[PDB]
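The file my_file.txt comes next; it holds compact mmCIF, N, CA and C atoms.
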# COMPACT_ATOMS: atom_id res chain seq x y z
N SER A 177 93.43 115.30 135.02
CA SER A 177 93.31 116.50 134.21
C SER A 177 94.64 116.78 133.53
N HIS A 178 94.60 117.02 132.22
CA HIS A 178 95.81 117.15 131.41
C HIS A 178 95.72 118.43 130.59
N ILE A 179 96.57 119.40 130.92
CA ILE A 179 96.62 120.68 130.23
C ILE A 179 98.07 120.98 129.88
N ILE A 180 98.30 121.43 128.64
CA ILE A 180 99.63 121.78 128.15
C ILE A 180 99.58 123.20 127.60
N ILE A 181 100.60 123.99 127.91
CA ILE A 181 100.59 125.43 127.72
C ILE A 181 101.83 125.86 126.95
N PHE A 182 101.62 126.51 125.80
CA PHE A 182 102.69 127.04 124.95
C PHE A 182 102.63 128.56 125.04
N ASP A 183 103.47 129.14 125.90
CA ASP A 183 103.35 130.55 126.28
C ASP A 183 104.63 131.37 126.08
N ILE A 184 104.72 132.03 124.92
CA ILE A 184 105.73 133.08 124.75
C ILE A 184 105.41 134.22 125.70
N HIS A 185 106.45 134.76 126.33
CA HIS A 185 106.32 135.78 127.38
C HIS A 185 105.46 135.24 128.53
N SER A 186 106.04 134.23 129.20
CA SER A 186 105.33 133.46 130.21
C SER A 186 104.66 134.36 131.24
N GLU A 187 103.38 134.11 131.48
CA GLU A 187 102.58 134.89 132.42
C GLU A 187 101.74 134.06 133.37
N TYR A 188 101.45 132.80 133.05
CA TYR A 188 100.53 131.98 133.82
C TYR A 188 101.23 131.14 134.88
N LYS A 189 102.53 131.34 135.09
CA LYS A 189 103.24 130.62 136.14
C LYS A 189 102.67 130.96 137.51
N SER A 190 102.39 132.25 137.75
CA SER A 190 101.87 132.66 139.05
C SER A 190 100.43 132.22 139.27
N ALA A 191 99.66 132.06 138.19
CA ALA A 191 98.25 131.71 138.32
C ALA A 191 98.06 130.35 138.98
N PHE A 192 98.96 129.40 138.71
CA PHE A 192 98.86 128.06 139.26
C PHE A 192 99.86 127.79 140.37
N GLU A 193 100.73 128.74 140.69
CA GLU A 193 101.76 128.55 141.72
C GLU A 193 101.14 128.81 143.09
N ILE A 194 100.34 127.85 143.54
CA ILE A 194 99.74 127.91 144.87
C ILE A 194 100.73 127.34 145.87
N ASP A 195 100.47 127.54 147.16
CA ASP A 195 101.42 127.16 148.20
C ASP A 195 101.67 125.66 148.18
N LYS A 196 102.90 125.28 148.53
CA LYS A 196 103.32 123.88 148.40
C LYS A 196 102.51 122.95 149.28
N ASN A 197 101.93 123.46 150.37
CA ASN A 197 101.17 122.61 151.28
C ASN A 197 99.90 122.06 150.65
N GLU A 198 99.41 122.68 149.58
CA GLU A 198 98.18 122.22 148.94
C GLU A 198 98.41 121.07 147.97
N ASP A 199 99.67 120.68 147.73
CA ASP A 199 100.02 119.50 146.94
C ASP A 199 99.46 119.61 145.52
N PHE A 200 99.96 120.61 144.79
CA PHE A 200 99.65 120.79 143.37
C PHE A 200 100.98 120.94 142.64
N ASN A 201 101.54 119.81 142.21
CA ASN A 201 102.86 119.81 141.59
C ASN A 201 102.77 120.37 140.17
N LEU A 202 103.47 121.48 139.93
CA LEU A 202 103.53 122.12 138.62
C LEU A 202 104.96 122.05 138.12
N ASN A 203 105.15 121.42 136.95
CA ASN A 203 106.47 121.32 136.34
C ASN A 203 106.65 122.49 135.38
N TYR A 204 107.56 123.40 135.72
CA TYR A 204 107.78 124.63 134.96
C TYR A 204 108.96 124.41 134.02
N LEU A 205 108.65 124.11 132.76
CA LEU A 205 109.69 123.91 131.74
C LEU A 205 110.05 125.26 131.14
N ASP A 206 111.08 125.88 131.69
CA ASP A 206 111.66 127.11 131.16
C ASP A 206 112.91 126.79 130.36
N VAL A 207 113.31 127.74 129.51
CA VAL A 207 114.36 127.52 128.52
C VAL A 207 115.59 126.86 129.13
N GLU A 208 115.85 127.10 130.42
CA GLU A 208 116.94 126.42 131.10
C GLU A 208 116.67 124.92 131.21
N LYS A 209 115.42 124.53 131.47
CA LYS A 209 115.10 123.15 131.82
C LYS A 209 114.54 122.32 130.67
N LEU A 210 114.21 122.91 129.52
CA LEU A 210 113.81 122.09 128.39
C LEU A 210 114.95 121.19 127.94
N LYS A 211 114.61 119.92 127.72
CA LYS A 211 115.53 118.92 127.18
C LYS A 211 114.91 118.43 125.87
N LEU A 212 115.27 119.08 124.77
CA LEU A 212 114.74 118.74 123.45
C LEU A 212 115.87 118.22 122.58
N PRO A 213 116.05 116.91 122.49
CA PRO A 213 117.13 116.37 121.65
C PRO A 213 116.97 116.79 120.20
N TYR A 214 118.04 117.37 119.64
CA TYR A 214 117.98 117.88 118.28
C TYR A 214 117.84 116.77 117.25
N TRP A 215 118.23 115.54 117.61
CA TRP A 215 118.26 114.43 116.67
C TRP A 215 116.90 113.77 116.45
N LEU A 216 115.84 114.29 117.07
CA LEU A 216 114.48 113.84 116.80
C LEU A 216 113.79 114.67 115.73
N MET A 217 114.55 115.21 114.79
CA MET A 217 114.10 116.31 113.97
C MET A 217 113.97 115.87 112.52
N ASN A 218 112.96 116.40 111.84
CA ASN A 218 112.58 115.95 110.51
C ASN A 218 113.42 116.69 109.47
N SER A 219 113.03 116.57 108.19
CA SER A 219 113.81 117.14 107.10
C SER A 219 113.84 118.66 107.18
N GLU A 220 112.65 119.27 107.12
CA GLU A 220 112.55 120.72 107.05
C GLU A 220 113.20 121.39 108.24
N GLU A 221 112.97 120.86 109.44
CA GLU A 221 113.47 121.53 110.64
C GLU A 221 114.97 121.35 110.80
N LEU A 222 115.52 120.19 110.42
CA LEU A 222 116.97 120.03 110.44
C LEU A 222 117.64 120.99 109.47
N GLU A 223 117.09 121.09 108.25
CA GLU A 223 117.64 122.03 107.28
C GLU A 223 117.55 123.47 107.79
N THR A 224 116.41 123.83 108.38
CA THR A 224 116.23 125.18 108.89
C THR A 224 117.19 125.48 110.04
N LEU A 225 117.42 124.49 110.92
CA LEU A 225 118.25 124.72 112.09
C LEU A 225 119.72 124.84 111.71
N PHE A 226 120.22 123.96 110.85
CA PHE A 226 121.65 123.93 110.55
C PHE A 226 122.01 124.57 109.22
N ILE A 227 121.07 125.21 108.54
CA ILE A 227 121.32 125.75 107.20
C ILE A 227 120.71 127.15 107.10
N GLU A 228 121.48 128.08 106.56
CA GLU A 228 120.98 129.38 106.11
C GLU A 228 121.00 129.42 104.59
N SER A 229 120.37 130.45 104.02
CA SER A 229 120.44 130.67 102.58
C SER A 229 121.22 131.93 102.24
N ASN A 230 120.75 133.10 102.69
CA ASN A 230 121.43 134.37 102.45
C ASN A 230 121.84 134.51 100.99
N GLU A 231 123.11 134.27 100.70
CA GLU A 231 123.61 134.31 99.33
C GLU A 231 123.02 133.16 98.52
N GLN A 232 123.39 133.09 97.24
CA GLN A 232 123.05 131.90 96.46
C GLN A 232 123.86 130.73 97.01
N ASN A 233 123.16 129.78 97.62
CA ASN A 233 123.84 128.67 98.28
C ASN A 233 124.63 127.87 97.25
N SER A 234 125.94 127.77 97.46
CA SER A 234 126.79 127.05 96.53
C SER A 234 126.30 125.61 96.37
N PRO B 294 126.20 110.67 79.58
CA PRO B 294 126.52 110.56 81.01
C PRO B 294 127.63 109.54 81.25
N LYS B 295 128.55 109.90 82.14
CA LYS B 295 129.72 109.08 82.42
C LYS B 295 129.66 108.58 83.86
N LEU B 296 129.80 107.27 84.02
CA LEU B 296 129.82 106.67 85.35
C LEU B 296 131.12 107.01 86.07
N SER B 297 131.14 106.73 87.38
CA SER B 297 132.35 106.95 88.16
C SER B 297 133.47 106.02 87.70
N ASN B 298 133.12 104.78 87.33
CA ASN B 298 134.12 103.79 86.94
C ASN B 298 134.41 103.84 85.44
N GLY B 299 134.68 105.04 84.93
CA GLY B 299 135.11 105.21 83.55
C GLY B 299 134.19 104.61 82.51
N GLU B 300 132.88 104.68 82.74
CA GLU B 300 131.90 104.07 81.85
C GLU B 300 130.91 105.12 81.37
N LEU B 301 130.64 105.13 80.07
CA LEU B 301 129.61 105.98 79.50
C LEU B 301 128.27 105.26 79.51
N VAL B 302 127.20 106.04 79.53
CA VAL B 302 125.83 105.52 79.55
C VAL B 302 125.22 105.74 78.18
N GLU B 303 124.86 104.64 77.51
CA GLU B 303 124.30 104.74 76.17
C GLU B 303 122.82 105.10 76.20
N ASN B 304 122.04 104.39 77.02
CA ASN B 304 120.61 104.62 77.15
C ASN B 304 120.31 105.11 78.56
N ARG B 305 119.56 106.21 78.66
CA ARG B 305 119.21 106.80 79.95
C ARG B 305 118.05 106.04 80.59
N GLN B 306 118.25 104.74 80.76
CA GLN B 306 117.24 103.88 81.36
C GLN B 306 117.78 102.94 82.42
N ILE B 307 119.10 102.86 82.61
CA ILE B 307 119.65 102.12 83.74
C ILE B 307 119.45 102.85 85.06
N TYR B 308 118.99 104.10 85.01
CA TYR B 308 118.69 104.84 86.23
C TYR B 308 117.57 104.19 87.02
N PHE B 309 116.56 103.66 86.32
CA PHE B 309 115.39 103.12 87.00
C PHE B 309 115.73 101.89 87.83
N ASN B 310 116.74 101.12 87.42
CA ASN B 310 117.06 99.87 88.10
C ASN B 310 117.74 100.11 89.44
N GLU B 311 118.62 101.10 89.53
CA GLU B 311 119.40 101.32 90.74
C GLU B 311 119.98 102.73 90.72
N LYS B 312 120.62 103.10 91.83
CA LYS B 312 121.29 104.38 91.95
C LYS B 312 122.75 104.25 91.54
N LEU B 313 123.23 105.21 90.76
CA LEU B 313 124.57 105.17 90.20
C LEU B 313 125.38 106.36 90.69
N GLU B 314 126.69 106.15 90.81
CA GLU B 314 127.64 107.19 91.20
C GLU B 314 128.43 107.61 89.97
N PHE B 315 128.55 108.92 89.77
CA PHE B 315 129.20 109.48 88.60
C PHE B 315 130.54 110.11 88.97
N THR B 316 131.32 110.44 87.94
CA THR B 316 132.62 111.06 88.11
C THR B 316 132.47 112.54 88.46
N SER B 317 133.40 113.03 89.28
CA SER B 317 133.38 114.43 89.70
C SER B 317 133.64 115.35 88.51
N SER B 318 133.49 116.65 88.76
CA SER B 318 133.63 117.66 87.72
C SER B 318 135.07 118.17 87.65
N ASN B 319 135.51 118.48 86.43
CA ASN B 319 136.84 119.02 86.20
C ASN B 319 136.85 119.75 84.87
N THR B 320 137.87 120.58 84.68
CA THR B 320 138.00 121.39 83.47
C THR B 320 139.23 121.04 82.65
N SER B 321 139.98 120.00 83.03
CA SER B 321 141.14 119.60 82.25
C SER B 321 140.72 119.11 80.87
N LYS B 322 141.54 119.41 79.86
CA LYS B 322 141.19 119.04 78.50
C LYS B 322 141.13 117.52 78.34
N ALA B 323 142.16 116.82 78.80
CA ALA B 323 142.19 115.37 78.66
C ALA B 323 141.06 114.71 79.43
N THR B 324 140.77 115.19 80.63
CA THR B 324 139.71 114.66 81.48
C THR B 324 138.76 115.81 81.79
N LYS B 325 137.71 115.95 80.98
CA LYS B 325 136.75 117.04 81.11
C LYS B 325 135.38 116.47 81.45
N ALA B 326 134.80 116.94 82.55
CA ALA B 326 133.46 116.55 82.96
C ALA B 326 132.69 117.80 83.35
N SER B 327 131.45 117.89 82.89
CA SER B 327 130.61 119.06 83.13
C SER B 327 129.34 118.64 83.86
N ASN B 328 128.80 119.57 84.65
CA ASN B 328 127.57 119.31 85.39
C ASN B 328 126.40 119.13 84.44
N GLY B 329 125.49 118.22 84.79
CA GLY B 329 124.33 117.95 83.99
C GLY B 329 123.32 119.07 84.04
N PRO B 330 122.36 119.07 83.10
CA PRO B 330 121.33 120.12 83.10
C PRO B 330 120.49 120.14 84.36
N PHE B 331 120.27 118.99 84.99
CA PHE B 331 119.44 118.88 86.18
C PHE B 331 120.25 118.48 87.41
N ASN B 332 121.50 118.94 87.48
CA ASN B 332 122.40 118.56 88.56
C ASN B 332 122.17 119.47 89.77
N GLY B 333 121.73 118.88 90.88
CA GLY B 333 121.59 119.59 92.13
C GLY B 333 120.34 120.44 92.25
N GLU B 334 119.46 120.44 91.25
CA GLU B 334 118.26 121.27 91.29
C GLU B 334 117.09 120.59 91.97
N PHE B 335 117.19 119.31 92.30
CA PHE B 335 116.12 118.56 92.94
C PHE B 335 116.45 118.20 94.39
N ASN B 336 117.30 119.00 95.04
CA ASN B 336 117.74 118.68 96.40
C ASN B 336 116.57 118.70 97.38
N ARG B 337 115.88 119.84 97.49
CA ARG B 337 114.74 119.93 98.38
C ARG B 337 113.60 119.03 97.92
N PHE B 338 113.44 118.89 96.60
CA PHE B 338 112.43 117.98 96.07
C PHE B 338 112.74 116.55 96.50
N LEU B 339 114.01 116.14 96.39
CA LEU B 339 114.39 114.80 96.83
C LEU B 339 114.18 114.62 98.32
N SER B 340 114.50 115.64 99.12
CA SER B 340 114.31 115.54 100.56
C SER B 340 112.84 115.34 100.92
N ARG B 341 111.97 116.21 100.39
CA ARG B 341 110.54 116.09 100.67
C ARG B 341 109.99 114.77 100.15
N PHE B 342 110.44 114.35 98.97
CA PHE B 342 109.89 113.16 98.35
C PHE B 342 110.30 111.91 99.12
N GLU B 343 111.57 111.83 99.52
CA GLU B 343 112.01 110.73 100.38
C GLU B 343 111.31 110.76 101.73
N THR B 344 111.02 111.95 102.26
CA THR B 344 110.23 112.04 103.48
C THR B 344 108.85 111.42 103.29
N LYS B 345 108.23 111.69 102.14
CA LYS B 345 106.94 111.07 101.82
C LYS B 345 107.07 109.55 101.73
N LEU B 346 108.11 109.06 101.05
CA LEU B 346 108.28 107.62 100.88
C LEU B 346 108.52 106.92 102.21
N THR B 347 109.33 107.52 103.09
CA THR B 347 109.71 106.84 104.33
C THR B 347 108.53 106.64 105.27
N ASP B 348 107.68 107.66 105.42
CA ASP B 348 106.55 107.55 106.33
C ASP B 348 105.58 106.49 105.82
N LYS B 349 105.05 105.68 106.75
CA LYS B 349 104.21 104.55 106.38
C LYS B 349 102.89 104.53 107.15
N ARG B 350 102.42 105.68 107.63
CA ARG B 350 101.01 105.79 107.98
C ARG B 350 100.14 105.82 106.73
N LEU B 351 100.76 105.97 105.56
CA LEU B 351 100.10 106.10 104.27
C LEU B 351 100.21 104.80 103.47

Can the structure in the file be given as structure tokens, please?
Amino acid sequence: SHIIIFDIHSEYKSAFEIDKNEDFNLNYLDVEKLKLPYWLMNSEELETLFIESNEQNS
Amino acid sequence: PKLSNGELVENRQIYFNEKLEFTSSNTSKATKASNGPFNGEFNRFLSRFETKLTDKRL
């Protein structure tokens, strides 16, 4: 069974956090533990991440 | 149009064969170079278009 969850304001961590003796391994990727290499990034997202506009961009 | 290596362009058709490097801009009388009408206005267009060219699921 394969389920992936994109949850702003995380709430479903407790729903699946059953006791460890039942052997249900849940990997909780919280902002501390995400490993997202920035260099896997396309045109639009690289420009958005490292570039602002604000003024008339020189 | 003036090339980087002190060369003027007579016919605007050598662009299709390859990419050319031009001389930088300056305001000195003896050495005066001005930005082209379409200079720097196709930046995002070039980025998106090269992104289209690079991908090969198409």

Closest-contact table, chain B side, partner chain A, 8 Å, counting all atoms listed in the file, as CSV:
residue,atom,partner,partner_atom,distance
B:340,C,A:219,CA,6.5
B:341,N,A:219,CA,7.0
B:344,CA,A:219,N,7.1

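Taking atom CA of residue B:325 and atom CA of residue B:303 as endpoints, the distance between them is 18.2 Å.
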
*Could you check how far atom C of residue A:202 sits from atom CA of residue A:189, in Å to one decimal?*
9.0 Å

*asked:* Need the shell around residue A:234: protein/DNA/RNA residues with any atom at most 12 Å away, counting only C-alpha atoms. Skip same-chain ones fewer than 3 positions apart. Format as a ChimeraX atom specification?
replied: /A:228-231 /B:333-334

*Dig up all the protein and nucleic acid residues within 8 Å of (97.4, 127.3, 133.8) in the file frame, using only N, CA and C atoms, and format them as a ChimeraX atom specification.*
/A:179-181,188-193

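Near stretch 304-306 of chain B, within a cut-off of 8 Å and counting all atoms listed in the file, sit the residues residues 294, 310 and 311 of chain B, with same-chain residues fewer than 4 positions away left out.
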
*Report the residues of chain A whose backbone DSSP state falls under alpha helix (DSSP H), written as a ChimeraX atom specification.*
/A:189-192,219-226

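Note that the spacing between atom CA of residue B:308 and atom CA of residue B:296 amounts to 11.3 Å.
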
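Counting only N, CA and C atoms, residue B:315 has the following residues at most 7 Å away, ignoring those fewer than 4 positions along the same chain: residues 295, 296, 297 and 298 of chain B.
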